Amino acid sequence: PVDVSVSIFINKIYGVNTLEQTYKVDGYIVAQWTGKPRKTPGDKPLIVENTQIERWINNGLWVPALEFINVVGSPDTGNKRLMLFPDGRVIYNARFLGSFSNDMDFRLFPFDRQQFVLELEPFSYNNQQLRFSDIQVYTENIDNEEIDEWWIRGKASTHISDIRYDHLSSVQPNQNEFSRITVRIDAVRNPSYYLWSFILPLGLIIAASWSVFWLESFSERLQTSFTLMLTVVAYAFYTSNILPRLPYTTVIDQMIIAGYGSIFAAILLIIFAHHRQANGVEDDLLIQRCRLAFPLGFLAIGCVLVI
Amino acid sequence: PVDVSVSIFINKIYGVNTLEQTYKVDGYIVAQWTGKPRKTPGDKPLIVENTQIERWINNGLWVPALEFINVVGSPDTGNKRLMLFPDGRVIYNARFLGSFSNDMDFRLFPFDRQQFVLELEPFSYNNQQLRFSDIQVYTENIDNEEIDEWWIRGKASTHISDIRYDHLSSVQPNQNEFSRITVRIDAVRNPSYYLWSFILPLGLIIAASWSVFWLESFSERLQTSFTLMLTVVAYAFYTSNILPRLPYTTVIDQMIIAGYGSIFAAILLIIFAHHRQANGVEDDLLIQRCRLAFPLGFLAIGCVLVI
Amino acid sequence: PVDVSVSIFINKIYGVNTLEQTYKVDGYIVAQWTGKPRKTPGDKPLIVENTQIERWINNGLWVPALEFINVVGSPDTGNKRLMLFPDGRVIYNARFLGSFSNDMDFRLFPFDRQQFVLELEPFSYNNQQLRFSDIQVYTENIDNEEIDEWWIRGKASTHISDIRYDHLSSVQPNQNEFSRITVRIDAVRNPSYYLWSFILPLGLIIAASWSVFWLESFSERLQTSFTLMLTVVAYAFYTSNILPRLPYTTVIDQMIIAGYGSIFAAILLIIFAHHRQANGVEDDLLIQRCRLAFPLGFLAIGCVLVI
Amino acid sequence: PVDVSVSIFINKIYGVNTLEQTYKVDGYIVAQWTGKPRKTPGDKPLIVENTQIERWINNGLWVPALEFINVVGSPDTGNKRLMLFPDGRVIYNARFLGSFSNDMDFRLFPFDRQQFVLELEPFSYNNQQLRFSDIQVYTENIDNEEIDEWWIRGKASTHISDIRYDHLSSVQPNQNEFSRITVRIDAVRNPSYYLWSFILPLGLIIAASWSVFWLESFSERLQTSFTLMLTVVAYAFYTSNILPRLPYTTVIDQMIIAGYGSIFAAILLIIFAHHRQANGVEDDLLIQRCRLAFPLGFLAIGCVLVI
Amino acid sequence: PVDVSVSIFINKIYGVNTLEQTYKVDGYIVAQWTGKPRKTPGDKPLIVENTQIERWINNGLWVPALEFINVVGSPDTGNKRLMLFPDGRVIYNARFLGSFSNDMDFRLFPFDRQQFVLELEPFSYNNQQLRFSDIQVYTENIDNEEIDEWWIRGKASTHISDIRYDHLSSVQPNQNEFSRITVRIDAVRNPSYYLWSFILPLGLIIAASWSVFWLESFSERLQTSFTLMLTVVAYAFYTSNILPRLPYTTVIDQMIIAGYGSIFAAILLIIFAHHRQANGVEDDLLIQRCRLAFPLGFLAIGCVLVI
Ligand code: NA
Ligand code: NA
Ligand code: NA
């Protein structure tokens, strides 16, 4: 095979779309292999700029195509340089821009700890014809800085693995596995905006929903609970545009569920308190000891749910 | 005709847009036919990368164009390889990315069970000049995994059928039918998010709407019903952006209809209870036996509507 | 002139955007004219696939360009075949995809009855150099089926007319008129979703707004009317994203107007009832005979407005 | 210089985006200059269709590039004809489609009276090498018709002016000014939809906010004012998506401001009426003469604000 | 190296997207270097228009590619002129259009004072082979005018710095640093729209929330506070689409936080006032001296928070 050395530079990571679970990564790729010795004008290496490499490719120069596996849509490439040394090595430098995708598990939404994965693999040549020697990822632009609400932490993990493509074994009998480079960049979500915009207001809504039992008569406490459940419905919409549709529940969706449960349990308890009287003579105070028991049970529920 | 063998590899299915009834499928296509024996440099097969196939096509090589019938917009193709063996066969490998469309029947919205259809057909050569022998679809990347809220179940159904184009019979007298490959991938929607975000909150709203009859006087129960119907209007908006405009009613839209019906039937019954008095002396308890009859009728309605 | 025969095939009509008054039409166009006899390899006709027609065009073959007049944006063309018979005729087959536009009058919104218009006209050759003989439109894919909320009814109307371009008369003295093909496909909007999502809920809101006069005192009936007008404001937003900005009023906007009018007329009547007392001794029942007169006038208004 | 005559045809103006202050204009451009006499096949003029003009341009034909100065993004050109007469003149006909921009002053929003400006200027040749003789704009398609909510009024104003580019004076010593064509199309916004959707409902909200002073006690009138200010907040959102962010106030934003001012002045006046009692014995009627004075002052404010 | 002189002209800055922290800059770039003397037809300089420069580039002319570092997506270039003087200098004039990005710090949101940064750097040639001599930025189109809600103030700051690329040092031993031009355009946000749309309405909401303590009994003041907190929730949504997700709090988000704090502190104080009675005989006036103390503390909080 041909020993190909890659040096991926990351310019910036931007536009991390949580709803679509995609992100956009800019930067440069510098692939370098070796070939036969060639003659250049002077001792200096030749610079082959874009839209003119095609004359060299139609001349017979071996320029492989390196594609991104996990990309979404066509990667919007820009300028490209094919720098030709006369000692033998050929260097293909290109700028890439594309939307990449990952799994992006969302069990803990505001306190999330994710990673951004770049995958590179030759489109046509397998590991018997093109082998990746090593990659050095230069993430010095975003090594210790925060993009949007994501704090990039650590360096970039590099890994070279041989992926196997069973769909291509009908045209290649034995050699049908490809050398893939994986680049992993960790990212920790900053939870401050969610903490002061969704979590603590909903805690205040929960305390206000607890405040129904301090009232004195029945219609006023029903209207109190109903106008509280209306503003609980108000926060049901706000979370519909910050995280996608998930089979599980996150922290904020569990808080919405707890708000609905607290308010409707209060309404049912108030109804059962009102219809407690068989002949309309009994006072209703024995079941209304939930001024100091219902918040305690709610705190126990929250403490269990945190762990 | 020419016997063409296709091997479609599916990389990932993403972005299933329910409102537009489209979805995006990435992957590779490997078409393979046979031709005259040719000579290559060495015994090894020749690899013809992208943007250089045109020299071979202008030289006179037969490379058919395979289009997607059910695609929406232009399929955003990427890299392509035209691998030439010297024993005779020509292999056209290409990467595709495009938005596909299907019927996507939506009778049961959250408990839906749909399929994703890929259709492939030659654009110009009919079955008398190009015949699809067989297709093996390698859906091993998403064989037993869940994309977004869709759990992909089973393998990919393959079928080769001869479709007939009557619009082209004016230029082709007898042979005007084309061989189309259909690839069917089943998908079952995960109903959990809808279950805890729309169905059970609306059930709590229904019980709260039932709670009007436990009040004691008239103006308070009217205001109770009105502030309940306001939060029923609140959920009328939330469902407007999760499923498209349909002639029929789904489960959630039927629940909205049942909420409106319950609240307005309660308001009309309360009004008729108030105006039951001919001279203002009669008590109103005979018509207010719906504390234990109106929910029973609603449960009967729901049980009939489920089946 | 040259007699050109067109056979437009319609694959699917999708994405009818009411707010933008555009729609997207896929399918194929098959133009066919006649020319000098030519020699082909063998007796079989020659197939000229895409991205290779340019060699024949630079060789000197007459391939006219047929553009779409009413299209929005560039029509996203795909594959194209230039099928050359040796008996003389040249057949240009191409696939088109583009957003088309029409007037789309919206007097009756949910019970609308619209049409989809495709217009085709040569870009450069007038009727003295290129004449459309006839068109057969093969709308067999959507002849008797419903797209989105639009039921396609009937076949496709064909018409050939000579349009006149006065802007081009400075460069062409007498012959400056072009032969345009118009294809009309009727479509009837399915009114069910609007009927059970906007019309009947707003009727229930109207009846609830009528229900104010059954109350007994003043502050409660004002708060009743105010919390009803709030949920009338709630439906003012929902209709803002289903139909564009229009100088006139549709059915649903007239229902919103009637809701505002009913509620504010009720508020003004209640205020005038309260201030009817010169010295605070008069009872207010003479002006509150609108329990059986205000709905009757509203029904008369609606019956007049329907016709 | 070379005398160039332009004849701009306007097909349709669509998609006037008020928030972005852009609009889309379709149509054709017909540029015509004169040159050396040439020989054509026969006496007829030659038609040079698109994607084949490049052979004539590489042959040495002078085809200038005319760009649009005020365009947003790349103007999506379509088909183009380079019609060559043998008597000497060369005619460049092209179809354009692009998003144009203007200042679009918005002092009176619903009763606006705007214009749509098209600017054309050669990219490379100044007025010493290419001079625009005259332009005739053929706006006969939209001369007396209304697009969206904009009624196009009058014809199209034509003007040829020499614009000066000081950035290019380092490479051109004296001749660095360019001949620009400006095309002005007036448009009057139809105010009906805003009149019956925002202006008159907000007037009803204003009258309902005036209705607080007719109540009898304090808590009910506070809750009345609060539930009115809630639906004033409801219309604060609806206007956020119909006009962009502006330093000044339009008519509708002034109505929102007047609604907030009326309601909060009523609340402050009610509070000062309640705390008017030094010992709780005084009646509060002297300050509540605003049943017939507060609307009069509001009418004076509105009459001053209109002029 | 080669001395390259740049003269950037700015046509217009538009579409400053605060949520994405990007902006769009149109205009022209005029690069100019020197080379060997050449012969042109006549004494006049040669004009090389677009899509024909490639013949000169394949002939062997040195045209460097200048890229934008901070751009988002591919910069949508338009027309380009390569003006060749016979005295030796080569002038590359091109039009650019692209979305640029900056840090855009948002500590004070409505009273913001930002800058727009354009960065230009050769893609392939380092400072040993191409050196930027000087840049004159001609921002005369927007020198003293306001774009959208941004008032452009001052001229454009020019700076030439040598940036160092450590990722490219594996292919270049010592010379691996590039000359970058930075263009800084200051912009001050106009705070008027935010001042009369968010700041002063929320101040009125704060005063209305203070108004709870003037009521007389308990259930009415709870419902007062609850229906005030509902319209505080109403403004929590409106600010979600004008500024992005930030770790810190701006002015308006601090006002929302202060509104929630004031209302829930009032609710807690009212609850503690109600449960102040050990046996139900004590009057509650000592803790309700916050009619003249709670606003004073709130004013102290606001005065501290401003500085
Ligand atoms: Na309320
Ligand atoms: Na509300
Ligand atoms: Na919304």
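What counts as what
- Residues numbered from 1 in each chain as written, not as in the entry; some residues may be left out.
- Chains lettered and ligands numbered in written order.
- Heavy atoms only, no water.
- Helix = DSSP H or I, 4+ residues; strand = E, 2+ residues; numbered from the N terminus.
- Rg over C-alpha atoms; globule rule 2.2 N^0.38 Å.
- Buried < 20%, exposed > 50% of the residue type's maximum accessible area, 1.4 Å probe, protein only.
- Least-squares fit on C-alpha atoms.
- Contact = heavy atoms within 4.5 Å.
- Pairing = 2+ DSSP bridges.
- Salt bridge = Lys/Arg side-chain N within 4 Å of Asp/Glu carboxyl O.
- Axes fitted to C-alpha atoms, helices over the stretch in contact; angles between N-to-C directions.
- Parallel < 35°, antiparallel > 145°, perpendicular 65-115°, else oblique.
- Left-handed = near helix turned anticlockwise from the far one by under 90°.
- Nonpolar A, V, L, I, M, F, W, Y, C, P; charged D, E, K, R; others polar.
- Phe/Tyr/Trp six-rings, centres within 6.5 Å; stacked < 30°, edge-to-face > 60°.
- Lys NZ or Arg CZ within 6 Å of the ring centre and 35° of its normal.
- Expected span 1.5 Å × (residues − 1).
- Buried area = accessible area lost by both parts, 1.4 Å probe.
- Polar contact = N/O pair within 3.5 Å; in protein donor to acceptor, adjacent residues only side chain to side chain.
- Domains from an automatic or database assignment.

Quick look at the overall build of chain A now. Of the regular secondary structure elements, chain A holds five helices and 13 strands. For 307 residues, the compact-globule estimate of 2.2 N^0.38 gives 19 Å, and the C-alpha radius of gyration of chain A, at 30 Å, exceeds that figure by more than 25%. Overall, the C-alpha framework of chain A stretches about 110 × 40 × 30 Å when taken along its three principal axes. Here chain A holds 307 residues, and 54% of them are scored as buried.

Another aspect to go through is the relation of the copies chain D and chain E. In screw terms, the move from chain D to chain E is a rotation of 72° and a rise of 0.0 Å along the axis, fitting with an RMSD of 0.0 Å. The relationship between the two copies is best expressed as a five-fold rotation axis. No C-alpha of chain D lies nearer the rotation axis than that of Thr227(D), which sits 6.3 Å from it. Counting the interface residues of chain D, we find that no more than 9% of their copies in chain E are interface residues as well, pointing to two distinct contact surfaces.

It takes a turn of 72° to lay chain E on chain A, together with a shift of 0.0 Å along the axis; the resulting RMSD is 0.0 Å. Here only 9% of the interface residues in chain E have copies in chain A that are interface residues too; the copies meet through unlike faces.

Residues and elements named next belong to chain B. The pairing of strand β11 (residues 146-147) with strand β12 (residues 150-164) spans two bridges and is classified as antiparallel. Residue pairing across strands places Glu-146 opposite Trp-151, the latter belonging to β12. Hairpin connection between β11 and β12: a loop of two residues separates the two successive antiparallel strands, and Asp-148 in this loop has a positive phi of roughly 45°.

Further remarks concern the pattern of salt bridges. The tally for this structure, following the rule as stated, stands at 60 salt bridges over all chains. Across the pair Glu67(C) and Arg95(D) runs a salt bridge, and its minimum N-O distance is 2.6 Å. Separated into two different chains, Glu67(C) in strand β5 (residues 66-68) and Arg95(D) in strand β8 (residues 89-101) make up a pair that spans both. A residue is classified by how much of its surface remains accessible, and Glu67(C), at 4% relative accessible area, is buried. Judged by its relative accessible area of 9%, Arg95(D) falls in the buried class. Close ionic contact of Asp87(C) with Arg89(C) constitutes a salt bridge, the shortest N to O distance being 2.4 Å. For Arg89(C), a relative accessible area of 30% gives the class partly exposed. Within the structure, one salt-bridge network assembled from shared partners comprises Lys12(A), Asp26(A), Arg95(A) and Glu67(E).

Residues and elements named next belong to chain B. Spatial ordering of the open sheet is given by β5-β9-β13-β12-β11, a layout of five strands whose pairing is antiparallel. Since the sheet does not close on itself, it has two edges, and those belong to β5 (66-68) and β11, each with one partner. The sheet contact formed by β12 and strand β13 (residues 177-189) spans 12 bridges and is antiparallel. Its bridge partner lying in β13, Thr-158 is registered against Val-183.

Here we take up the side chain of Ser179(E). Assignment of secondary structure puts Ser179(E) in strand β13 (residues 177-189). Among all residues touching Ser179(E), those that are not within four sequence positions of it are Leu120(E), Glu121(E), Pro122(E), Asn127(E), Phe132(E), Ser161(E) and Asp162(E).

What follows concerns the packing of helix α4 (residues 251-274) of chain E against helix α5 (residues 294-306) of chain E. All names here are of chain E. Look at α4 against α5: their axes get within 12 Å of each other, and the N-to-C directions meet at 160°. Between α4 and α5, the angle falls in the class roughly antiparallel. For the element pair α4 and α5, the recorded crossing hand is right-handed. Residues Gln-254, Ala-258, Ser-262 and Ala-265 of α4 touch α5, and the partners they reach there are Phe-294, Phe-298 and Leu-305. Partitioned by chemical class, the residues of the contact of α4 with α5 number five nonpolar, two polar and no charged.

Attention now goes to the packing of aromatic side chains. Throughout the structure, instances matching the rule amount to 115 aromatic pairs over all chains. A ring pair is formed by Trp210(C) and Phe298(C), whose centres lie 5.5 Å apart and whose planes are at 80°; its orientation type is edge-to-face. Highlighted residues: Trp210(C) in helix α2 (residues 192-210) and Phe298(C) in helix α5 (residues 294-306), separated in sequence by 88 residues. With a relative accessible area of 19%, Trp210(C) lands in the buried category. A centroid spacing of 5.4 Å and a plane angle of 75° characterise the contact between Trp33(D) and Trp62(D), whose relative ring orientation is edge-to-face. Residue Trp33(D) is found in strand β3 (residues 22-34), and its partner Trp62(D) is found in the loop between α1 (53-59) and β5 (66-68); the two are separated by 29 residues along the sequence. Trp33(D) sits in the buried class, given a relative accessible area of 5%. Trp62(D) gets classed as partly exposed once you look at its relative accessible area, which sits at 24%. The ring of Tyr248(B) has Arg107(B) sitting right over it, with the charged end atom 5.1 Å from the ring centre.

Residues and elements named next belong to chain C. In space, the five strands of this open sheet follow the order β5-β9-β13-β12-β11, with antiparallel pairing throughout. The outermost strands of the open sheet, each flanked by one partner alone, are β5 and β11 (146-147). Both strand β9 (residues 113-122) and strand β13 (residues 177-189) contribute to a ladder of eight bridges, which runs antiparallel. Residue pairing in the sheet places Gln-115 in a bridge with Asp-186 of β13.

All right, on to helix α5 (residues 294-306) of chain B then. Taking 1.5 Å as the rise per residue, α5(B) with 13 residues should run 18 Å; its terminal C-alpha atoms sit 18 Å apart, in good agreement. Tucked inside the fold, the buried residues of α5(B) contact α2 (192-210) and α4 (251-274) of chain B.

Our focus in this paragraph is the interface of chain D and chain E. Contact residues are listed per partner, giving 47 residues for chain D and 55 residues for chain E. Interface area for chain D against chain E, summed over the two sides, is near 4,400 Å², with a carbon-plus-sulfur share of 61%. Among the residues of chain D in contact with chain E, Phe123(D), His167(D) and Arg245(D) are the three that bury the most area, contributing 18% of the side total. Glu149(E) is the partner of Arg245(D) in a salt bridge, and the nearest nitrogen-oxygen pair spans 3.8 Å.

Taken together, the contact between chain E and chain A spans 47 residues of the former and 55 residues of the latter. Of the roughly 4,400 Å² buried at the junction of chain E and chain A (both faces included), carbon and sulfur atoms supply 61%. When the buried surface of chain E facing chain A is broken down by residue, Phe123(E), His167(E) and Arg245(E) rank first, second and third, together holding 18% of it. The interface formed by chain E and chain A contains two salt bridges. There are 12 residue pairs in polar contact connecting chain E and chain A. For the side of chain E that touches chain A, the secondary structure elements donating two or more residues are α1 (53-59), β5 (66-68), β6 (71-72), α3 (218-238) and α4 of chain E.

All names here are of chain A. Domains assigned within chain A are domain 1 (1-190) and domain 2 (191-307). Residue-level contacts link 12 residues of domain 1 with 15 residues of domain 2. Here domain 1 packs against domain 2, burying approximately 1,300 Å² in sum over the two surfaces, 70% of which is carbon and sulfur. On the surface where domain 1 and domain 2 come into contact, there are zero salt bridges.

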